[PDB]
Chemist: 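Next up is a structure, given as structure tokens.
Residues: numbered from 1 along the sequence shown. Remember, it's 1-based here, ligands and their atoms both numbered in the order they're listed.
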Amino acid sequence: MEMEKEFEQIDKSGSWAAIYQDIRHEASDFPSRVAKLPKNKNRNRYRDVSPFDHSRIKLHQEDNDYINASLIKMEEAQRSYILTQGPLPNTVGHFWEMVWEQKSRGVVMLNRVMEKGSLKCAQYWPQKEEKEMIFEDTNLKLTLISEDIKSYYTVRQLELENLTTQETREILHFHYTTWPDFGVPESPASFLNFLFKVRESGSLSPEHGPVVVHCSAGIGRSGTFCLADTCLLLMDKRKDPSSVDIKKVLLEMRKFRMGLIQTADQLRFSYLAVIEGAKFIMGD
Ligand SMILES: CO[C@H]1CN(S(C)(=O)=O)[C@@H]2CC[C@@H](O)[C@H]1C2
Ligand SMILES: CO[C@H]1CN(S(C)(=O)=O)[C@@H]2CC[C@@H](O)[C@H]1C2
């Protein structure tokens, strides 16, 4: 079926939970043996969220190459994403090592450091220009260059220096700051505006390594971001945009990381975002 009318048909019939459970039943199951090794327990935030072995990002280190991060490679859309958990106190150096080694331009953050009164990820970037951060375990230096605070999101320019080679690179930090502590946003308008700002920066384009996108577990809000982006790109590429099937695209993405889209409300929100986004692209 088309998307917008399949949407109204699920609303009128109130069957979002049944649709979402079907997706959960059909989703791929692949091994995640490296994630479960005892030496990696303090590298995982949640015991039930792990990268598959076949798609995990490897650190370029001979001691321990493990990080909780997955490469989502979308062949028809010609887009790739790295989805990862929010960094832990003992993985902030690994996180920036990955950004460096994978040649990423941008980092997309969809959570606040504290939500619901608890810590959802480490404070992993510097908050003042004159107070830079040094990660001694991976030999990197990180400096805040500029910060632009808007009503729904903040964009930061950062400098990452590999202290071994003295090479430097400019990284863009795109921080969506207004996702509610409970539920999903009422309108997708600010989330779509944010997606378009990431696109306009070059961070999603083939001349760079894959964008790094995270929330707390790296599957819920993060899944919503890449699902919406890929569906909108496919609607632009194909002769028949109504042939894009958001459930099929989500199942394709779940071949590369488990659990993408965590609730039926997140599934409905993803439909809403793609539907509204397709009107603005036109060609409007
Ligand atoms: C519209 O709100 C509810 C609709 N359904 S429903 C009844 O269509 O399945 C789901 C139930 C839980 C709540 O998050 C949302 C999603
Ligand atoms: C930024 O990553 C560097 C960290 N080291 S490290 C942790 O051994 O100092 C590894 C060795 C080679 C270097 O290029 C990469 C990976």
Side-chain angles (χ1 to χ4, degrees), residues 1 3-25 34 39-40 42-43 56-69 71 82 84 87-107 116 122 124-126 132-143 158-171 179-188 191 208-210 212 219-221 223-224 227 246-247 250 259-276:
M1 196 185 315
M3 191 171 30
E4 172 145 37
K5 290 185 283 154
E6 189 200 348
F7 179 85
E8 319 234 44
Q9 198 241 323
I10 302 169
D11 257 9
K12 74 170 170 50
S13 54
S15 49
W16 282 108
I19 302 300
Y20 178 66
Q21 259 303 140
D22 298 351
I23 289 163
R24 291 189 60 161
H25 180 70
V34 179
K39 66 175 175 162
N40 292 323
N42 77 343
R43 289 180 185 216
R56 76 185 181 94
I57 300 294
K58 298 178 187 184
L59 307 171
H60 300 177
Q61 221 257 102
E62 41 191 28
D63 169 52
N64 190 342
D65 71 6
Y66 179 75
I67 181 168
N68 193 318
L71 178 66
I82 292 167
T84 192
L88 292 156
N90 61 295
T91 70
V92 172
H94 307 149
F95 178 88
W96 288 114
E97 175 185 3
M98 176 176 66
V99 168
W100 183 269
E101 287 168 356
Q102 302 299 316
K103 302 180 156 55
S104 308
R105 179 83 189 293
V107 172
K116 296 179 183 183
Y124 65 85
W125 73 94
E132 75 273 16
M133 288 177 81
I134 295 173
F135 304 101
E136 296 185 341
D137 59 338
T138 55
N139 214 31
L140 292 158
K141 177 175 107 172
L142 183 66
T143 306
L158 308 171
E159 183 201 65
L160 187 62
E161 182 180 346
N162 178 351
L163 292 172
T164 299
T165 67
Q166 292 193 327
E167 308 169 283
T168 66
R169 279 175 213 161
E170 182 186 327
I171 309 298
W179 195 296
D181 268 12
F182 290 95
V184 305
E186 184 159 298
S187 161
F191 191 69
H208 300 294
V212 171
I219 62 175
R221 298 172 199 176
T224 301
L227 181 61
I246 178 167
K247 302 189 259 49
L250 178 54
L260 304 181
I261 307 300
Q262 282 178 294
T263 70
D265 258 37
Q266 282 177 4
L267 185 65
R268 180 181 187 274
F269 181 76
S270 301
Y271 273 74
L272 266 184
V274 174
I275 292 169
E276 187 59 25

Chemist: Taking only heavy atoms of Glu97, which atoms of ligand 2 are found under 4.0 Å from at least one of them?
Modeler: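 Reading through ligand 2 atom by atom, the close ones are 1 (C), 2 (O), 4 (C), 10 (C), 16 (C).
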
Chemist: Record the part of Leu59 in heavy-atom contact with ligand 2 below 4.0 Å; permitted values are side chain, backbone, both and neither.
Modeler: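 Within the 4.0 Å criterion, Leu59 makes no contact with ligand 2.
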
Chemist: Do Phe135 and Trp100 have ring centres separated by under 6.0 Å?
Modeler: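 Aromatic pair excluded; centres sit 6.0 Å or further apart.
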
Chemist: Mark whether atom 2 (O) of ligand 2 lies under 4.0 angstrom from at least one protein heavy atom.
Modeler: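 Flag for atom 2 (O) of ligand 2 set to true, protein heavy atom closer than 4.0 Å.
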
Chemist: Is atom CD of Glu167 surrounded by more than 12 heavy atoms (other residues, nucleotides or ligands) closer than 6.0 Å?
Modeler: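 Atom CD in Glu167 is crowded, with more than 12 foreign heavy atoms closer than 6.0 Å.
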
Chemist: Between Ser15 and ligand 1, find which residue part has any heavy-atom pair under 4.0 Å and reply side chain, backbone, both or neither.
Modeler: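 Backbone only.
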
Chemist: What's the spacing between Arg43 CZ and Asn90 CG if we round to 0.5 Å?
Modeler: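 Result: 7.5 Å between the selected atoms.
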
Chemist: Please report which non-hydrogen protein atom sits nearest to atom 4 (C) of ligand 1, along with the residue it belongs to and the distance in Å to one decimal place.
Modeler: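 Checked against all protein heavy atoms, atom 4 (C) of ligand 1 sits closest to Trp16 CD1, 4.5 Å.
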
Chemist: Taking the side chain as C-beta and beyond, is there a heavy-atom pair between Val107 and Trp96 under 4.5 Å?
Modeler: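 Answer yes - side chains close enough.
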
Chemist: Atom 10 (C) of ligand 2: which protein heavy atom is closest, and how many Å away?
Modeler: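 Ranking protein heavy atoms by distance from atom 10 (C) of ligand 2, first comes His60 O, 3.1 Å.
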
Chemist: I want to know if ligand 2 touches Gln61 in the polar sense, i.e. an N/O pair below 3.5 angstrom.
Modeler: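 No; the residue has no nitrogen or oxygen that sits under 3.5 Å from a nitrogen or oxygen of the ligand.
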
Chemist: Looking only at heavy atoms, which two atoms of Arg169 and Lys103 are closest? And how far apart?
Modeler: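 For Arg169 versus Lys103, the nearest heavy atoms are NH1-CA, 3.9 Å.
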
Chemist: Could you check which of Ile19, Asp265, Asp11 puts a non-hydrogen atom nearest to atom 15 (C) of ligand 1?
Modeler: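 The nearest heavy atom belongs to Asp265.
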
Chemist: Of all the non-hydrogen atoms in the protein, which one sits nearest to atom 9 (O) of ligand 2, and at what distance?
Modeler: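 Going atom by atom, the protein heavy atom closest to atom 9 (O) of ligand 2 ends up being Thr138 O, 4.0 Å.
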
Chemist: Would you check whether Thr165 reaches within less than 4.0 Å of ligand 2, judged by its heavy atoms?
Modeler: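 False for this residue.
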
Chemist: Can you give me the closest heavy-atom contact between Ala69 and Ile82, atom names plus distance?
Modeler: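 Heavy-atom minimum between the residues: CB-CG2, 4.1 Å.
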
Chemist: Is there a polar contact, in the sense of an N or O pair closer than 3.5 Å, between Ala17 and ligand 1?
Modeler: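 Yes; the residue has a nitrogen or oxygen that sits under 3.5 Å from a nitrogen or oxygen of the ligand.
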
Chemist: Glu101 side chain to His60 main-chain N or O, any donor-acceptor pair under 3.5 Å?
Modeler: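 Yes; judged by distance alone, with no hydrogens or angles, the pair exists.
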
Chemist: Establish whether atom 7 (C) of ligand 1 and some protein heavy atom are separated by less than 4.0 angstrom.
Modeler: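 Yes, there is a protein heavy atom closer to it than 4.0 Å.
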
Chemist: Is atom 13 (C) of ligand 1 in close reach of the protein, with a heavy atom under 4.0 Å away?
Modeler: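 Yes, at least one protein heavy atom sits under 4.0 Å from atom 13 (C) of ligand 1.
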
Chemist: Heavy atoms only: give me the nearest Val212-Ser104 pair and the separation to one decimal.
Modeler: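 The answer is CG2-OG, 3.6 Å.
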
Chemist: Take atom NZ in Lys12; do more than 12 heavy atoms of anything else shown fall under 6.0 Å from it?
Modeler: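 Yes, NZ of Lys12 has more than 12 neighbouring heavy atoms, counting only those of other groups under 6.0 Å.
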
Chemist: Taking only heavy atoms of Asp137, which atoms of ligand 2 are found under 4.0 Å from at least one of them?
Modeler: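 Here the atoms of ligand 2 in question are 7 (C).
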
Chemist: In this structure, does ligand 2 have an atom that sits under 4.0 Å from one of the heavy atoms of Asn162?
Modeler: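 Outside the 4.0 Å threshold, so no.
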
Chemist: Once you measure the plane-to-plane angle for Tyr271 and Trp16, does it fall in the parallel (<30°), tilted (30-60°) or perpendicular (>60°) bin?
Modeler: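 Perpendicular.
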
